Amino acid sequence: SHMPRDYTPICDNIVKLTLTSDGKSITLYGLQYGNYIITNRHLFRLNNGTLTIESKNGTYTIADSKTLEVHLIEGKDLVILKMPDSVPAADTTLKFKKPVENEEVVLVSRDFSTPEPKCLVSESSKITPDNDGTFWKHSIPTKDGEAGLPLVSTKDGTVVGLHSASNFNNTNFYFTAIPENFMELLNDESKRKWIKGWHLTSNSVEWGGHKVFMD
């Protein structure tokens, strides 16, 4: 028996990032946590751009991804973005935990299109680790550009991972698991190592015992 849950607090902290530079953009989702935005590493396929963060509070525009300070999660398609101090921070109400096998998750998505936003909760699905643990597999159909959307456990309502990649036939879907002591990484600066100008210049990346493409 698991407690019935309202997923609206998690929806209120989902943000839509769009890194645009010279007519080419990369749009995927993220999560708002204080002065930080947790999102996928493959958001930075291009360097020197303009980040557009769309939150429930407002829409923000940021100077140059090269100057941006980012903490990279080791061996995972995850990155912590340090927003400049002028941007208002979000709630620290989001709860991150390492996923547990045989624990069901639901993809929580916010629909920015409709005049009234919809806190969408997908159908439940089990999770299993893939190869070295860089990727975790779920059975929730995800459209393109839906990476960074939170995988939320139905037991305790914690974000256990963010969506990342899928196969070309769109039959298996892989998300990036939240690492151990990830909440310790958010509230303790001594564990954070910030880097600037990180970008993914390569077309093909070899991650998680797989060959992942950008398109």
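Counting begins at 1, following the sequence as shown.
On average, are the C-alpha B-factors higher in 28 to 36 or in 55 to 63? The recorded data point to 55 to 63.
Stretch with the higher entry mean CA B-factor, where the candidates are 158 to 166 and 41 to 49: Comparing 158 to 166 with 41 to 49, the higher average CA B-factor belongs to 41 to 49.
Third of the chain, ranked by Cα B-factor, where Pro129 sits: For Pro129, the deposited C-alpha B-factor lands in the middle third.
State the tercile, meaning the lowest, middle or highest third, of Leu17 with respect to the CA B-factors recorded for its chain. Within its chain, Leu17 is a middle-third residue by C-alpha B-factor, going by the deposited values.
Based on the deposited C-alpha B factors for this chain, I'd like to know if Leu185 is in the lowest, middle or highest third. For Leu185, whose C-alpha B-factor we compare with every modelled residue in the chain, the answer is the highest third.
Mind checking which third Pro117 falls in for C-alpha B-factor across the chain? Top third by C-alpha B-factor.
Which third, lowest, middle or highest, does the CA B-factor of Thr142 fall in along this chain? For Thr142, the deposited C-alpha B-factor lands in the middle third.
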